[PDB]
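When the letters of the sequence shown are read in order and numbered with PDB author numbering, they come out as residues 1 to 710.
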Amino acid sequence: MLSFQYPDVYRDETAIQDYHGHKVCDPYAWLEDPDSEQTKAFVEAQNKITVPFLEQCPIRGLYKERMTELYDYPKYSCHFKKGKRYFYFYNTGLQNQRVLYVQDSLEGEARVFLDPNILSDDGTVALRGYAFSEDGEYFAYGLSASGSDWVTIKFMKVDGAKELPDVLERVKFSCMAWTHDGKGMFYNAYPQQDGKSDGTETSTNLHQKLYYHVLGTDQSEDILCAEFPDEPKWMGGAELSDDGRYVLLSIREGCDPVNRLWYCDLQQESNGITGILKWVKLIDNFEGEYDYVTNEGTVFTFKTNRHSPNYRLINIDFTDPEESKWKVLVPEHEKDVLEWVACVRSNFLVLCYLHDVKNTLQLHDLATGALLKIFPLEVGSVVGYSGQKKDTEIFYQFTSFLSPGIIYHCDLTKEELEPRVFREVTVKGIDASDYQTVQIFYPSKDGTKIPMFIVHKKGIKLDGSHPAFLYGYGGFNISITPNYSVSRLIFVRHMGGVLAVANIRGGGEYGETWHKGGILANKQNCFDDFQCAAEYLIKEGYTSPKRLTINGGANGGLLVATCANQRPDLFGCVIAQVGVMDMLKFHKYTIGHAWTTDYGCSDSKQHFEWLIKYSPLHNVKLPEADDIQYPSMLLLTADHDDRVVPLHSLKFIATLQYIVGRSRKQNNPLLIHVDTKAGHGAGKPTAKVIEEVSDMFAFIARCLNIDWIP
Ligand code: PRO
Numbered sequence: 001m002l003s004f005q006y007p008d009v010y011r012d013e014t015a016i017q018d019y020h021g022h023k024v025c026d027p028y029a030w031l032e033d034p035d036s037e038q039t040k041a042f043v044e045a046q047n048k049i050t051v052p053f054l055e056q057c058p059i060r061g062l063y064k065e066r067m068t069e070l071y072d073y074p075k076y077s078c079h080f081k082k083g084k085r086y087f088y089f090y091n092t093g094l095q096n097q098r099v100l101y102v103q104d105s106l107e108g109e110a111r112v113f114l115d116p117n118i119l120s121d122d123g124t125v126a127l128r129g130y131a132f133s134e135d136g137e138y139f140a141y142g143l144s145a146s147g148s149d150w151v152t153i154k155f156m157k158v159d160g161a162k163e164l165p166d167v168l169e170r171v172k173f174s175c176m177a178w179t180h181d182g183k184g185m186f187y188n189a190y191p192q193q194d195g196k197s198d199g200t201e202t203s204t205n206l207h208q209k210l211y212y213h214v215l216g217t218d219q220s221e222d223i224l225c226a227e228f229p230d231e232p233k234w235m236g237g238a239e240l241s242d243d244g245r246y247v248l249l250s251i252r253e254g255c256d257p258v259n260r261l262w263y264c265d266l267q268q269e270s271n272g273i274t275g276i277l278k279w280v281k282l283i284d285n286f287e288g289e290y291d292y293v294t295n296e297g298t299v300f301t302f303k304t305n306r307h308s309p310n311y312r313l314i315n316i317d318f319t320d321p322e323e324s325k326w327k328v329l330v331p332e333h334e335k336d337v338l339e340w341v342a343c344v345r346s347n348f349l350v351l352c353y354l355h356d357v358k359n360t361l362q363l364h365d366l367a368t369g370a371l372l373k374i375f376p377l378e379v380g381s382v383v384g385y386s387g388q389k390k391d392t393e394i395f396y397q398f399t400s401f402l403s404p405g406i407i408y409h410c411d412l413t414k415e416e417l418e419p420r421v422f423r424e425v426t427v428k429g430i431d432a433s434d435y436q437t438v439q440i441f442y443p444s445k446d447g448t449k450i451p452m453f454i455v456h457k458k459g460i461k462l463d464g465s466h467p468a469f470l471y472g473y474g475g476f477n478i479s480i481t482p483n484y485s486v487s488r489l490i491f492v493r494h495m496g497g498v499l500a501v502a503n504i505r506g507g508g509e510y511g512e513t514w515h516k517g518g519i520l521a522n523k524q525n526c527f528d529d530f531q532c533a534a535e536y537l538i539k540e541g542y543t544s545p546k547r548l549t550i551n552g553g554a555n556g557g558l559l560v561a562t563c564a565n566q567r568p569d570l571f572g573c574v575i576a577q578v579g580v581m582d583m584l585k586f587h588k589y590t591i592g593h594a595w596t597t598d599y600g601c602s603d604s605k606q607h608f609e610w611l612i613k614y615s616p617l618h619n620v621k622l623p624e625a626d627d628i629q630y631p632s633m634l635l636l637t638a639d640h641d642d643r644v645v646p647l648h649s650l651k652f653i654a655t656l657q658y659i660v661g662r663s664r665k666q667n668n669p670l671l672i673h674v675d676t677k678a679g680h681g682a683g684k685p686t687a688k689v690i691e692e693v694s695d696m697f698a699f700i701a702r703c704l705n706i707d708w709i710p
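Rendered as structure tokens:
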């Protein structure tokens, strides 16, 4: 029969909970405890069968070698100036973590400023956030170990790259902002909690507070500047205005792009920062987002979505704060989303728009908002930018599906502006001209036209014979734009596959209306959109059900897992990374309470009724037809993923193996791989990234029996 046997997993049939009258059984509830011998044994047993399966066919080694070769290309970030020096991140190619360099001039020799690689043998300690003092002489940086969201903030004196004694603990989802007097830095921290705080715990994160750390002191001396004891879920991030006069507090609750905005005129403090600041509650509700751009005196420019779904720029004068008095600096565009805006060279605004899922970059006048210059870009994404108000030049990084980055530079002091190539890297082995990217719009179930990028070798016959890899996310106002992925291109070139990315609802591709189209009561829209994408690829002849692989991560993991339950006949392989699988209990762990803005919460009868319909953990069912089985599935998670606690995947795989894996007609494998010293994904070292993609494509290869193409 099969080559391996699924592990014995105890079913606690007494675990029954009542959700507003509906009895729900959770037989693997015990997997919620990561510290138990039972759970440890479970993980060990699952990995024991997954690893040999993935490593059996030599195609994995072929893929790993090719990935190690092709991924070995110089990787730079935009240069950015702080004080009298320039900084930039650079990875020579295969370093586990990118290194931060410093140079005293653009033509000067660069030296290593911060090398995270020497902090661990395996590169599992990574930089997570940083902040330079206004004068650029001091530097704060966060470090996370094993992929955890938890951070320890450390400090350095820039001149000489001197280590300082200051260390801040209990930092997570924190701001980092220095006051311009150079005395200290604002940051967020959570209260002491029982148990561990290393990324392996599941404990809910509440009561985050805003503190001020004076350089040269112990964290126990830190000043508490803002706290919301009556609102446990609020999170207040601080930033200083460009002139350093005001502390702007952005309070968020949940993941919607909205925030309260309070301010503190530092000059009005009785005796400096000594306790809870004299906050003026400018915007004291969660009805809209207000993202600070710059200010001229009391006139503050904010990027907002207040009655502007595609976003716009408005000016609020603190001296005449009523909404009826706000000035619209740059009106909302009928369809293009204003993604972000930066102020540079005092009176210039850099605006980045998303037009049909492709970026555009424009320069505008701060005083009038009028368009001054269009920066030419090919089809793709702007994924990096540098240029603060006092800077006189900008750098920006562009990427696409077929090419790594091109970093451009533009000296804004020249009357005739014209960006110039500053850095460009070419991957030897992947000739971009051999492939093509197309964008099509397909109708979903309800008729809504959804965009989808498709990348493939030029001149293929659309006869349905090609394996395909369809990616999707769908939620949280996140736009899935073009990105350079050598791993995916190896699938195209060496596995003869077709790549597709569906910009389903719930994302931010078409503004807040697109986001609202895939949340709460309408979450099913996401799944319908994605299923329709698969149907489009099949109908048009790009692939066939048995040769189609779907992939998503986190909320995207929820996407592909649900699609496997709803339309098992439509896919051949499903790879769900760090997915949210238990939609009834997600809100109980770590930062999960924040996702209720997209999903709702089971505590509500109304929400429960939406959730129970698509929750992956609660919708595993044998297909009715004798000729339909579940697709091959691979769940990927890690023991320090404190963003989406691994229990989601643990309970889901147990359920799949028991309900579906035991069926005689099920021949496709249902596996999970739980990595160690890793988390959700941010900061994952190069070595691990390579192993992961090798596991993914090896799985696809074995399940669909795809031959390697040298
Ligand atoms: O998608 C992610 O990365 C997690 C889970 C949904 C919200 N944030």
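The C-beta atom is built at its ideal place from N, Cα and C for all residues, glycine as well.
The alpha-carbon of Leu143 is positioned some 10 Å away from that of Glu169. If you draw a 10 Å sphere on the C-beta of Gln267, you find fewer than 16 other C-beta atoms in it, and that means exposed.
Annotation for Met696: the continuous alpha helix (DSSP H) segment containing it runs 686–704. Closest in alpha carbon position to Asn91, among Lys84, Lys81, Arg85, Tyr76, is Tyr76. Relative to the non-hydrogen atoms of the ligand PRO, the Cβ of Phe527 never comes closer than 7 Å to any of them. In this structure the region 190–201 does not lie against the region 252–268, because fewer than three pairs of beta carbons, one per stretch, are closer than 8 Å. Annotation for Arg643 indicates a beta carbon within 7 Å of some heavy atom of the ligand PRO. With 16 or more neighbouring CB atoms inside 10 Å of its own CB, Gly236 falls in the buried class. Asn503 has its CB no nearer than 7 Å to any heavy atom of the ligand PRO. Taking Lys389 as the centre and dropping the five residues before and after it, the same chain places the C-beta of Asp242, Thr294, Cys343, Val344, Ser346 closer than 7 Å to its C-beta, in chain order. The beta carbon of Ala370 lies closer than 7 Å to those of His364 in the same chain, with the five residues before and after it left out. Of the other Cβ atoms in all chains shown, fewer than 16 fall within 10 Å of the Cβ of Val51; this residue is therefore exposed.
Contact annotation: the region 483–490 does not touch the region 566–574, with fewer than three C-beta pairs closer than 8 Å.
Contact annotation, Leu670 with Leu656: C-beta distance approximately 4 Å; criterion of less than 8 Å satisfied.
If you compare the alpha carbons of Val280, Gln95, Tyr353 with that of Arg312, the shortest gap goes to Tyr353.
Residue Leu248 holds the alpha-carbon nearest to the alpha-carbon of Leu282 among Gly661, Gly184, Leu248. The continuous alpha helix (DSSP H) containing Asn555 extends over residues 555–566.
Relative to the ligand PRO, the beta carbon of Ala177 is positioned no closer than 7 Å to any heavy atom. For the region 241–311, the continuous beta strand (DSSP E) assignments of 3+ residues that do not extend past its boundaries occur at 246–252, 260–265, 280–283, 290–296, 299–304, in sequence order.
Per DSSP, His673 lies in no alpha helix (DSSP H); the unbroken beta strand (DSSP E) holding it starts and ends at 670–675. If you compare the alpha carbons of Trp150, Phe132, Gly517 with that of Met156, the shortest gap goes to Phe132.
Counted as a single uninterrupted DSSP element, the stretch harbouring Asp603 is not any beta strand (DSSP E), since DSSP gives it neither H nor E. Between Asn555 and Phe476, the C-beta spacing is below 8 Å. Residue range 524–539 is occupied by the alpha helix (DSSP H) that includes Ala533.
Between the beta-carbon of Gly384 and that of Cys78 there is about 5 Å, and that keeps the pair under the 8 Å contact cut.
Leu224 is not a Cβ neighbour of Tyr138, given a cutoff of 8 Å. Note on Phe4: under 16 other CB atoms within 10 angstroms of its CB, so exposed under the neighbour-count rule. Distance check between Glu69 and each of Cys264, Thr637, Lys428, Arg547 places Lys428 closest, using alpha-carbon atoms only. Look at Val214: its beta carbon is at least 7 Å from all of the heavy atoms in the ligand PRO. Counted as a single uninterrupted DSSP element, the alpha helix (DSSP H) harbouring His515 occupies residues 511–516. The residues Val379, in chain order, have a CB closer than 6 Å to that of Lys358 in the same chain once the five nearest residues on each side in sequence are set aside. Nearest in C-alpha terms to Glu109, of all of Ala126, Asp115, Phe87, is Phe87. The C-beta of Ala226 has 16 or more other C-beta atoms within 10 Å across all chains shown, which makes the residue buried. For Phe476, the Cβ falls inside the 7 Å cut-off from some heavy atom of the ligand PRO. Counting only heavy atoms of the ligand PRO, the residues whose C-beta sits closer than 5 Å to one of them are, along the chain, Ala554, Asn555, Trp595.
One alpha carbon belongs to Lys449, the other to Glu540, and they sit about 16 Å apart.
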